[PDB]
Protein chains: 2
Amino acid sequence: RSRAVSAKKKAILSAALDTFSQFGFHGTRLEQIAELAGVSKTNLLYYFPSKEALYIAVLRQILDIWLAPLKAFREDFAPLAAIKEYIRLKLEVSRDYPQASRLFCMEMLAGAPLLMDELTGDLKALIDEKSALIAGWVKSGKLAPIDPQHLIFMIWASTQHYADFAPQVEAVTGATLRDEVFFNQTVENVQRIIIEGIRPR
Amino acid sequence: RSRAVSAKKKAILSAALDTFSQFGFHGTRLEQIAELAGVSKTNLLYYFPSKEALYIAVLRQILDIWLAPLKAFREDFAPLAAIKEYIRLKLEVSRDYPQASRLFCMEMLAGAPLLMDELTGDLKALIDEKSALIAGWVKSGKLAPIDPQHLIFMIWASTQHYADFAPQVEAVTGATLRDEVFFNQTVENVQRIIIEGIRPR
Ligand SMILES: O=c1cc[nH]c(=O)[nH]1
Ligand SMILES: O=c1cc[nH]c(=O)[nH]1
């Protein structure tokens, strides 16, 4: 129920996200997340009883933000239209919450030492469910023949690139996703290549 | 053509790759690399005169392997044909050099503090050139109305994804790129999407 209690959790998690994304799992101290969140170690431990708990809690939060649109897919959506929106939402999150993207990525680079079993469990189940859905777009003629998972990965890869690889994107273009023009150019290009790449012909 | 020299340089670069990717730039000490490599610190310093130099060297290796195919591009090439093969080769290097790929990615996550000059200098310079080429194919009607820079980033993103997000790919797929049937499934699919997506119509 409680909004106060949620406000406090979100503050700890937000503070945690920022520290972890700078110092890493092993480099980060609970003492510092507490300082930045404006709460005591005791209070932090009361909500997240181990650094491992907290860290997993922030990573899960990113997944929920990311997977929302995909969880929202239903058997009778217009597929191409749904995918365009998913791409858009994913690029919005790369612009808005790039440190989220970065931490998730950091954890991957280390081998998902903490998040692995979460990927093999909840994530896989969710992807299996929506792969079937997509295969059914394919089976019914609404999409070109494409393997669902590689398509799902492609959306993830191509949208997260702009946060994760921002320094390189900036290096070559002079721009970041916070330039409204460049955001739009990016959305148009990622959408076109992907969507035209899966449009039925 | 000097036997023990060649061998030490390789021992140092490999030791450097492994150590940096565990502990990061600042977590690493030259002593560790030297130790791991079976050379003294002084010896190492003759091959590479600072920690910064060594680190740019390992990342410069994977940069040259990645870019090889792109430097190859010329005005008269069949554009689809060439993009097809580029995708194939990029995924090959994801299969074979995933640790190198991961380190490049980490440097990106860090803001590219140490690599920026390379990105803003030589790499930009190259991508500007090969952008012009690709820009050419589009102008002449040989490709769809695309922005070269973003097509290149999607190739990078989708192909490097299978190395950098390998645990997640395996998590949902049960496969890695070492599994031949998965490797081919990945290439066909990444190719199918990007290629169909940039085909002129
Ligand atoms: O959107 C998502 C969801 C899970 N993993 C990702 O890399 N991206
Ligand atoms: O393949 C490449 C080449 C340059 N930079 C990347 O990130 N990937």
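Both ligands and their constituent atoms are indexed starting at 1 by order of listing. So you know, we letter chains A, B, ... as the sequences are listed, proteins then strands, and number each from 1. As a basis for the values below, the full set of heavy atoms in this structure was taken, side chains included, without hydrogen atoms, waters or symmetry mates.
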Worksheet item: Should A/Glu196 and A/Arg201 count as an ion pair when the cut-off is N to O under 4.0 Å?
Response: yes

Discussion item. Is the distance between the ring centroids of B/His26 and B/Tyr55 under 6.0 Å?
Written reply: no

Discussion item. Just to verify, what does B/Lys124 make a side chain to side chain contact (heavy atoms under 4.5 Å, CB included) with, not counting sequence neighbours?
Written reply: B/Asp128

Worksheet entry | Pair A/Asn189-B/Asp147, side-chain donor/acceptor within less than 3.5 Å | yes

Practice prompt. Compile the protein residues with any heavy atom at a distance under 4.0 Å from an atom of ligand 1; present them by chain, then by number.
Written response: A/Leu63, A/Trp66, A/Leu67, A/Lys90, A/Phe104, A/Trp156, A/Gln160, B/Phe165, B/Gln168

Worksheet item: Any ion pair linking B/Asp64 and B/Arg60 (charged N to carboxylate O, less than 4.0 Å)?
Response: yes

Fill in: Criterion side-chain hydrogen bond (donor to acceptor under 3.5 Å, both in side chains) against B/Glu92, the qualifying member of B/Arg95, B/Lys90, B/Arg88
B/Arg88

